[PDB]
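One chain is shown next in structure tokens, namely the form deposited without the DNA.
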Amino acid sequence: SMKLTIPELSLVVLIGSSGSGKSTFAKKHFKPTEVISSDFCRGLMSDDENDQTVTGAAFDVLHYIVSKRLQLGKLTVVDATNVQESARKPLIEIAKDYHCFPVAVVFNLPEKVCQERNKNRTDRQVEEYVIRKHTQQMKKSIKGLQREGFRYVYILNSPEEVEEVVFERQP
């Protein structure tokens, strides 16, 4: 197993393209209420599925909910693409403000893997250019993550490594 150590009070930031398996991973490894997804926050603003017209509001709500959970000392996982630096920075700042370790878990999978899983999704799907872009952004992000403020940086380089993951929480 790939043992990934996280402190009992952490902000776990999932980083990966649409289709990289973040929400699948989150559900496998964490309790439902520990996981806050951008999709869930969008659904609070709109009964339409994946409504793109409320994106700004959805992410504001995500930040707010995350900050309130950390305030109460509760480990939180952020389930969003997080491939842009502008997306990760507020999470880092929130974590620092609540004296919580931000942790990066990166889904460094080949583009083709996400493109392939995308075409077979039942919930929703995106165009191929979106996953190409997401994958480029993710790859560009990897080097600078520690410097951005992530205390622990876990890069998963293949589906097998993702599968093998086991989290060890330390209090």
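Start at 1 and count along the sequence shown; that's the residue number.
A second form of this protein, the form deposited with the DNA bound, is not displayed here; the remarks below concern that form.
K.L.:
Check each of 67, 115, 46, 38 and return the one that places a heavy atom within 4.5 angstroms of the DNA in the deposited bound form.
P.N.:
Selected option: 38.
K.L.:
Any of the heavy atoms of residue 30 lying within 4.5 Å of the DNA in the deposited bound form?
P.N.:
Residue 30: no, not in contact with the DNA in the deposited bound form.
K.L.:
Any of the heavy atoms of residue 18 lying within 4.5 Å of the DNA in the deposited bound form?
P.N.:
Residue 18: yes, in contact with the DNA in the deposited bound form.
K.L.:
Contact between residue 100 and the DNA in the deposited bound form at 4.5 Å, heavy atoms?
P.N.:
Output for residue 100 is no: heavy atoms all beyond 4.5 Å of the DNA.
K.L.:
Check residue 94 for me: does it contact the DNA in the deposited bound form (non-hydrogen atoms, 4.5 angstroms)?
P.N.:
So residue 94 does not count as contacting the DNA.
K.L.:
Verify the flagged residues 52, 63 and 130 against the DNA in the deposited bound form: is each one within 4.5 Å by a non-hydrogen atom?
P.N.:
Every residue of the candidate spot has a heavy atom within 4.5 Å of the DNA in the deposited bound form.
K.L.:
If you apply a 4.5 angstroms heavy atom cut-off, which residues in 59-95 are near the DNA in the deposited bound form?
P.N.:
Result: 59, 63, 80, 81, 82, 84, 87.
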